[PDB]
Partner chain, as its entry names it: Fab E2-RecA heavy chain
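The data below hold one chain only, encoded as C-alpha cells and taken in the form solved without its partner chain.
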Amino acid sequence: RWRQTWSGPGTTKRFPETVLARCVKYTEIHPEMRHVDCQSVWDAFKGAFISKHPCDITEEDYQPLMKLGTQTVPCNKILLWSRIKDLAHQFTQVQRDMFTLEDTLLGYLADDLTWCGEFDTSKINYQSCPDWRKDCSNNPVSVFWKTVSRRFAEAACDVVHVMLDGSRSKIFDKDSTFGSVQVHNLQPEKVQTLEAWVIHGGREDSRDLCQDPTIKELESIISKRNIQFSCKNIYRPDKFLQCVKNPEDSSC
C-alpha cells in the first residue's frame, strides 16, 4: 500500500452504483433513451474491462456498450471542446443550443470517472489504474474516450463548433482528443464548416488569437480535408454567457 501497481488514480469509489444510477437518471430525463435497460448497459460496460489486462483494452471491448448506448444527436448542433469543458457545459445548459459528448448517455455515464480491472480476476482495481503517459495508452479510460469521441465526431454534419482555450500554450493541440481523433473523423461529405471559438483567459484586453500559429495549423488541416474553417474570439466568456442567457441585453 506504500507502492501501487500503476501510476494513475484508482477506480472511483462505488463505480458500479454510480454508473447504474447515472444510467437510471439519464433515461428518466431523456425520453428517446427511455427504453434502455440500465442493468444491460452496466453489464456491457463491465464486460469491456473486467478480467482484462488494463493495458490491453481495444475499441472492440467497448462495442456491446456502444451498441446499447446508440443515440441520435441533432447532427448540426454538435459542440466539440478542448481543455475548456466547464464553459462548454455551462453554455449548452442555458437552452440546449448545442450538444456536447457529455450530453449523450455514454458521455454522461463516464464523465469525471476513472475505472480499471485486473487480468485473471474479476475485481475492480480501486487502488490504482494505468496512467496514459507513464504506464500505457490502451487503458480502460483512454480507450473509452477515444472510441466515444471518434463516434461523436462521425455524427456531425453542417456547421460543427469547437471551443478552444486561448490561455493555453497550444490553443489548438494536435495531441489532444480533439486534435488527434475528432478533427480526423469529421466526415467531409457531411460537414460544411468547423467553426472555432477561441476563449480568452487573458481577462479583458487581448490579441486576435484566431491569428495564433496553432489556429493557422488547424485551418490548414481542416481546409485540406475539404471542410471550410471559421474562427471567432470570445474575449470575455463571462459576458458571452450573460448574452446567451439574456440576448435582450444592451452590452451584447
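Numbering follows the first chain given and starts at 1.
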- Higher-scoring stretch by recorded Cα B factor average, 183-191 or 196-204: 196-204
- Message: Which third, lowest, middle or highest, does the C-alpha temperature factor of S40 belong to within its own chain?
- Response: middle
- Note on the structure: Tertile call for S51 (CA temperature factor, within chain, third-based) is the lowest
- Grab the CA temperature factor for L65 from the record and place it in the lowest, middle or highest third of its chain. middle
- Note on the structure: So, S169's CA B-factor, relative to its chain, sits in which third? The highest
- Note on the structure: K216: CA temperature factor from the record, placed by chain third, in the middle
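Below: the form solved in complex with its partner chain, not depicted.
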- Message: Does its partner chain, in the deposited complex, lie within 4.5 angstroms of each residue among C116, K123 and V141, using heavy atoms as the measure?
- Response: no
- Task: Would you please decide whether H35 lies within 4.5 angstroms of its partner chain in the deposited complex, comparing each non-hydrogen atom pair?
- Result: yes
- Message: I'd like to check something about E28: if you look in the deposited complex, is any of its heavy atoms closer than or equal to 4.5 Å to a heavy atom of its partner chain?
- Response: yes
